[PDB]
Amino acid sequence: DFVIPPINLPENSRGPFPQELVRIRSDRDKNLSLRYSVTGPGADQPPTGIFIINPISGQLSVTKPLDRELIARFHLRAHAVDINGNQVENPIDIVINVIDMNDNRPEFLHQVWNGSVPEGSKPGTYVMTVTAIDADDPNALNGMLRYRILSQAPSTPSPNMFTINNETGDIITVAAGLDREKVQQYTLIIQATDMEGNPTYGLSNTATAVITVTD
């Protein structure tokens, strides 16, 4: 059987509500007066009453904004009965897809990450890994993260002792002169940004990396 095409609806709709979607009817209406209903999560199951259908026309509507991070897809069924109570069609599958909007900023697992690097390490020495997560769709830009260092303290012998791999979160030395007797700890502020790290449209968050110089 051919499947009723899915309805694709972006989350966080402004409305106004209720909002008409599509019209579901039976061709048996040619000789019979029909009554339409819908069942399933979003309809007669939790969360109740988000989608509704006009008993007479079969016009399907949505009554509230949706949130993809709560429910990504709704499986409903449409029902047809005539005015004498006769069931005239087998109930038919309907699919509503909720389309992602970038409505979550990246989140770091820990607010403070700790790591260490030996005294006198050569440039290009691996130090530690920091990472974030994004609650939006991973397969979209809305959930794709990039990393950068915003500040380093203290600023000696070089104000940029480290860099960070912008996709992996790996922190690595790019400079020499790490001496425990001179400077014992560095504090870096790490930023994560979604939308592939786009500075204009991405959402960002920050975290702290503390790096101790060892013997």
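Throughout, we count residues from 1 along the sequence that is shown.
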*Quick one: say whether 59 to 67 or 177 to 185 has the higher mean Cα B-factor in the deposited entry.*
177 to 185
_Between the two ranges 102 to 110 and 73 to 81, the one averaging a larger CA B factor in the entry_ = 102 to 110
*Just say lowest, middle or highest third for the CA B-factor of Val38 relative to the other modelled residues in its chain.*
lowest
*Against its chain's modelled residues, does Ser26's Cα B factor rank lowest, middle or highest third?*
lowest
*Going by what the PDB entry lists, where does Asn97 fall on CA B-factor within its chain: lowest, middle or highest third?*
lowest
*Lowest, middle or highest third of the chain for the C-alpha temperature factor of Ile52?*
lowest
_Third assignment of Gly143 from its chain's C-alpha B-factors_ = highest
